[PDB]
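Asker: model the structure of this input:
(4 chains)
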Amino acid sequence: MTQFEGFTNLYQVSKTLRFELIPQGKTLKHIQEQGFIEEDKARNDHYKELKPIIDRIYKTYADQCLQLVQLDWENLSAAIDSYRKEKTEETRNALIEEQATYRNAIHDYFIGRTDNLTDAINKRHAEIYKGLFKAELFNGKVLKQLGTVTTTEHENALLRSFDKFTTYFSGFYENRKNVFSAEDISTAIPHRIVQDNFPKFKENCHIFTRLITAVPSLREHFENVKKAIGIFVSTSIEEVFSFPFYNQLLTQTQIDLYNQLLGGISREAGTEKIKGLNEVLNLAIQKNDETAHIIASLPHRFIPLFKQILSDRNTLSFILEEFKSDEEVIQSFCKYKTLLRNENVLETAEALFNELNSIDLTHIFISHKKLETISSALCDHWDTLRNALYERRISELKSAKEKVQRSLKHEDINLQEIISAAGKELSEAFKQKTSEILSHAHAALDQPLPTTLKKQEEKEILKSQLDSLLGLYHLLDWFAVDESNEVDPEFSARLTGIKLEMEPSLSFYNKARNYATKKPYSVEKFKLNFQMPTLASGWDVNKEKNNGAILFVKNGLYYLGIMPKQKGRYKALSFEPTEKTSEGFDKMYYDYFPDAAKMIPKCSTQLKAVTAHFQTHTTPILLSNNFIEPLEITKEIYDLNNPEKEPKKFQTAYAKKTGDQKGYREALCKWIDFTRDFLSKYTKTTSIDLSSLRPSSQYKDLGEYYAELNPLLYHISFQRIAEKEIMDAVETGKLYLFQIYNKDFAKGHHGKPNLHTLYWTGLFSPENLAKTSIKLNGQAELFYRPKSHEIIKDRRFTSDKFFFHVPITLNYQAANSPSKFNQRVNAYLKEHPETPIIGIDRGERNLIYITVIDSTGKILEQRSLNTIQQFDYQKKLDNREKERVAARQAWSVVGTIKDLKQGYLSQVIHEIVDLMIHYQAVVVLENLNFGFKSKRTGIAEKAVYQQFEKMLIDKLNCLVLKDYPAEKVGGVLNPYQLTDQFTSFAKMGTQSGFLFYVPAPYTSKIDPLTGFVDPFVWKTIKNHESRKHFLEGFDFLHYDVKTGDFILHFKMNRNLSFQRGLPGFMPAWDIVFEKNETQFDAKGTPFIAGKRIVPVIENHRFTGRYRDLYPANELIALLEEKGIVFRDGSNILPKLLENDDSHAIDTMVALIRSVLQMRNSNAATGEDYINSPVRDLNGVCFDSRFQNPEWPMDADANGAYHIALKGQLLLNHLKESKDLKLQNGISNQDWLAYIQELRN
RNA sequence: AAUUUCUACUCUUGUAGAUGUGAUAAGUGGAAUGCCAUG
DNA sequence: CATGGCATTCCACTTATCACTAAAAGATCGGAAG
DNA sequence: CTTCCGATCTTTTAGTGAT
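Answerer: Numbering: from 1, shown residues only, chains lettered A, B, ... in the order given. Coordinates below:
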């Protein structure tokens, strides 16, 4: 009999707290007189400058090592294909094994253990390999082996700035160690080569060979465009798309050559761009030929490869020069303005366009590709001028129209015919627009430049002048000045001269755009070090004179003490622990031993002396230093930890590989006895009680033993010291004292404290001291941020502050990772079949819409969360989004949206966890693909599909209710754990504890009452033949005279091609065209039944705005226009399908498509609702506007209700699941069949 | 209109909720500008 | 006045790893022997 | 004068997971 309260202390979590340190006493002066702050600032700047210099060495060895790589990729491609055809777990394991094999194979080059290279090269590469993670990067002991790096004197002098300070780069050492590593790490070199770039290359190879097989003419196109680009000249375009060529494309130069081949080299502004492979494929698409329709079906785009990790991009395309200061761009534009005003651009321009009223316009032509711009600038529609040209060429005449359009589409047109075409309105519009543009250019030229670019108004003034000049240049780019057609000579000469004078303005505009849109400089905190290489790395008493960090507790207040190096050496300041009754501070004593897997072999078996002893003679060795009794090590004890193979005989991987469970148990028992002896004899750990440990043979696995053992090694005690000693120490300067401070420690607070402050108080609560539930961690760091009733805005930004980030670890008694979390959750769920379900749906019209259903699916509560605590966050997000959109086009600062979304999601998360605790429910979200959420985030960054899942999973990883007592489940010492330990979204599966994932579609556009979904994908029908075929599948349609509504019948045995291929459980639906009368809801407002909201598509190619539709009214209007009688109640379809007019069938199909659009929304009126086209078997046509609380009110409420039903289906399958598992996703067929089973 | 920090209020020189930091790397999406095409 | 495919710059933004570390090893130097 | 040893401050290192 399990319980909901049993989901606590299942796995450890790690969190970091942040506090402001208040200086205590004279220590502010005593830190200013030493100048440590400026020293750490200069250290940080030197580190920032010197990080890319080391990266050159890493890039150099990466480029050198990969050029020697030679592998066959056939096996990896075969594994990828075999896993691609069917998704089963053993092919997944085979693919994982092949990926690991290839990853190790390439990593052997970096390690120096490959078989395809000589032994001397292997030794040289290994000798290099041992040096990039230690101090020889700075001393040059590994720098000489490459030689090609060629560091000059300034870097070498700046490398000596970090002397005796190599441990600063330790985090950087770990960061770089992830790169040259083979354990499927997403930042690593070989993971990228095997899993990121190679599947893309295989996809590109298969796409290219399918294109070649389908049609052969592009081979000449591809080879010719490759020769025009001039990349990979020594090899063929057939060979470049082959698996042996993937022995190249490891170094960044080859990848950049491939990418520039695929995209095409781009020259500077105003110059024709060399096309790429994807570009010529798109151009082949846009021809709209039958061969274009052939490759429209096929995948018609290659994929570029990803960048190499440590390298940098280089491109053959043009790179624009960059302005470096606002003064520089200001003086450059001022000198440009003086030059442009000295040559007198506007005088010759104005003199040039007034000739157009009085010159032979048969000799003035217009570029054919720019006439659309002229038409859009002169008319309300872009098509007008080309239509006028089309009908005049018709008027001076199937092949005739084709001749007209092919002369229209490519050949430049004389201006005289165009003025003859449009009439006069184009001529006065032309002269008026040219007058407006030169007036704008004149106003920009005369009005001067401001002194600087500090404020946004100066930026928009400069922007306004610049695009005035750009629009002028656009105006001169209208004319076709080329000599292929007739042109007046002096006209062409003056136009070319004024155009080349206007030419450098466009690149100037792009340069100013690049400089102006830079992020403004802000002050930023940096790590303090106090000249300690290992400041606050660990809290231990042995290291307290080295790490220098010591805490004190003073009558509920907390104080951090830092003692510095006195005269450049570690003067061991000491204190005498006095009686408790004496006044003073409470020093925390930190007796801790790290993870025994990481510690016992270090100080027992992997010692230098032991290794030297055992290679020579087999006799056992006694170890006495730092042991209170001499400790013996035997040959086989050393041999288990050092077996010359990866699987140790006490490791369960060896037991899995060989199956020798008996030998594994024996080796494990001997290892446990040995480490028990070590913990008995070691000086640090001889005082720690081990009586809670089980005997050796009772431990199932070594990791279980380690998870048991580690909590015993961590202990905290407190000692009282005289206040006089600490005050004298801080007054002397031998100790810097700071108070850990936040808002909650202020004397004026009365309310509930912050959750972080609750965590901090719970760690130092005496119950946590007695039994360690919340563990203080090491690796603390110090940050200094400079400067950036009576109440002051941004008071915390008014002075420099010292920050203090400290990590803590919770649920410490539990293991570092949970075991079978989802199986425990499913066991509890099977124990409690009546668990409620909460569905969370995300949308853009309304952000969060919740529905709570029971086991039988009845709604207990539904609610929109556009407003929490009477604050409509949706309007604020929408306002912020258009503010950002307007600012990003006005060259203003962009700002951030994350803080406002985080503030909304804080209240949202609190609401969901309150509902979770009050109902003991589960939470279901839709499984959103990364592509879909990224596309909708790009369409609308206001919406919150991402960052809500992360915050949810973070909150249920460890949950503490503030009102709860500290000892209760859900308290600070016993936090709830509802979700699995979050690793990453890639490995996060279909179920994370109490939170589930279901497939997205068929949750909104469906009937709640009946489960009906429209099956007709509408792209199957385009012409009247296919439309009439779609009508033939329907059974009959008649008019009901007693209710005024049409009744239409349909079966899935017809119109199967136009269906989306999902047969429902009902073989028949009764489509009803409700009479468009009005009804009153429960609130009493009138609403029109059967109404539809349809976009305007009258122009047949573009989408307009929204409009209301009344399908019964439109149907009777069309039928009475056709004269078809329907008051007899007869069948209407044969009376209608007999008529062969295409517009009647088009309108009928449009009405059918309109009436199945259950989703009816329009943001202009603020109305969104669902109507059911199919009447329920209880004689009800469902409409959400009736405001029945039994059913969803809105669209997103319906979607939330249906994902809750999907979760209900999953839990119902879980109840009959003997394996305590879940389905590998739910197909749409099973979901729709199940909901149709419930509804019918 | 105060906060380690963020959000929302302002009875309280404050309230409610949230808050895994640092380093590193990759990727995504907008906006502008061109170039080639299509409607 | 829109769409498709590229290219350059700028911005914000998300995702994915690592550490959460005491003690041995070693570099080094001031102080002690031949 | 000429040569080596013990204190002391950096630096690196050790590495576990289901019949």
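
Asker: what's the helix or strand for residue A:17?
Answerer: Secondary structure assigned from DSSP states H and E places residue A:17 in strand A:13-23.

Asker: what does that strand contact?
Answerer: A:31, A:560, A:737-742, A:756, A:759-760, A:777, A:782, A:801-811, A:957-958, A:981 (CB atoms under 8 Å, 6 or more residues apart in numbering). Bear in mind the C-beta positions are built from the backbone N, C-alpha and C, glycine included.

Asker: apply 7 Å and report the result again.
Answerer: Outside strand A:13-23, the residues that touch it by CB atoms under 7 Å, 6 or more residues apart in numbering are A:560, A:738-742, A:756, A:759-760, A:801-811, A:957-958.

Asker: stretch A:717-728 now?
Answerer: Residues external to stretch A:717-728 that are found in contact with it (CB under 7 Å, 6+ apart): A:575-580, A:582-589.

Asker: do stretch A:174-187 as well
Answerer: Residues contacting stretch A:174-187 (CB under 7 Å, 6+ apart): A:58, A:103-104, A:107, A:110, A:132-133, A:188-191, A:309-310.

Asker: ChimeraX command to pick out the buried ones of the contacts of stretch A:717-728?
Answerer: Selecting only the buried members of the contacts of stretch A:717-728 in ChimeraX, with burial defined as 16 or more other CB atoms under 10 Å, works like this:
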select /A:575,577,584,585,586,587,588,589
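
Asker: what about the contacts of stretch A:717-728, which are in helices?
Answerer: Counting by DSSP state H, none of the members of those fall within helices.

Asker: which pair in the contacts of stretch A:717-728 spans the largest distance?
Answerer: Of all pairs drawn from the contacts of stretch A:717-728, the one with the largest separation by CB to CB is A:583 and A:589; the distance is 19.5 Å.

Asker: can I have the buried ones of the contacts of stretch A:174-187 as a ChimeraX selection?
Answerer: What follows is the ChimeraX syntax selecting those of those that are buried according to 16+ other CB under 10 Å:
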select /A:58,103,107,110,132,133,188,189,190,191,309,310
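
Asker: any idea which of the contacts of stretch A:174-187 is closest to residue A:1141?
Answerer: Proximity of the contacts of stretch A:174-187 to residue A:1141 was ranked by CB to CB; the top entry is residue A:191 with 63.2 Å.

Asker: the closest one belongs to a strand?
Answerer: No - secondary structure assignment (DSSP: H, G, I helix; E, B strand; the rest coil) places residue A:191 in helix, not in a strand.

Asker: is DNA strand D within reach of the strand holding residue A:17?
Answerer: No - with CB under 7 Å from any atom of the strand as the threshold, strand A:13-23 lies outside contact range of DNA strand D, at a closest distance of 13.1 Å.

Asker: do that strand and DNA strand C come into contact?
Answerer: Yes - legend: contact between strand A:13-23 and DNA strand C by CB under 7 Å from any atom of the strand is shown at A:14, A:16.

Asker: and the next helix or strand after that strand, which residues are buried?
Answerer: The first helix or strand that comes after strand A:13-23 along the chain, using DSSP H and E, is helix A:27-32. Applying a neighbour-count criterion of 16+ other CB under 10 Å, the buried positions in helix A:27-32 are A:27, A:30-31.
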